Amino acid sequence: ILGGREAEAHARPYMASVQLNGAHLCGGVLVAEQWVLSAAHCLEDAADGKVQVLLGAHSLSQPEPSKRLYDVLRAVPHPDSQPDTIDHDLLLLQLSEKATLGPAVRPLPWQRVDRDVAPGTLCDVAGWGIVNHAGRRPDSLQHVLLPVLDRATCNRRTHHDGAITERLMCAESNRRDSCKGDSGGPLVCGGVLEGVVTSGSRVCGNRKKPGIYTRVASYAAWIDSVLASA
């Protein structure tokens, strides 16, 4: 997160760190007792690397009573995702067992109504991604409040030039933004999950290249079908 601040420890009990061979790779969000939602590019080249999900965390490195690193039974990328496109960039991780819930670990309700968030709505994004242009990695969770940017502005030639489909939404990126390592994490508006940070390479903190987020309401039937797979 560029331009943000340290999050209140455990105030976002749905936040997940998706890890590959014990290192933070991407954000994620606990959406059901046994399932974490994230982005597909995060793992597209992960091969047989060990994927785990850290829940109940603030610090990546320090012990905390609520912190638990879960193994993953199954990783389920969206079947229409592809390397090198921004579309359908969703991934579901089935934990090896249902998460132990409490005040620091709780699924986040997620949007099913497939209608746009009002322009300018202030939404929260959190993560453990880079915090400056040199790439410094924070030990603890950072966050920032970002206003939703209307799709037509986001689609101007000067911005994303028509790439923002109905299944995607934008948030402003002027000096406050999600950056490398924050992808896959949640964009939360009015206490409900609205978007998942896309995980393609994007410049960080340039107002002319807004943040792009996959709209979870647009993928409700897919999320429900993977969960019913259990």
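Rigid core (definition): largest C-alpha set, two forms, superposition within 1.5 Å. Residue indices: 1-based, along the sequence shown.
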Quick note, superposing on core in 7 other deposited structures of this protein and taking C-alpha RMS, the more shifted stretch of 191 to 199 and 33 to 41 is 191 to 199
Entry B factor averaged over C-alpha atoms, 151 to 159 against 71 to 79: higher for 151 to 159
Once average C-alpha B-factors are taken from the entry for 127 to 135 and 114 to 122, the winner is 114 to 122
From the entry's CA B-factor values, the highest among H41, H58, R167, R176 is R176
Max C-alpha B-factor within the set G49, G181, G28, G195 falls on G49
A11: CA temperature factor from the record, placed by chain third, in the middle
Temperature factor at the Cα of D87, chain-ranked in thirds, falls in the middle
Sorting the chain's modelled residues by C-alpha B-factor and splitting them into thirds places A217 in the middle
The third of the chain into which the C-alpha temperature factor of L20 falls is the middle
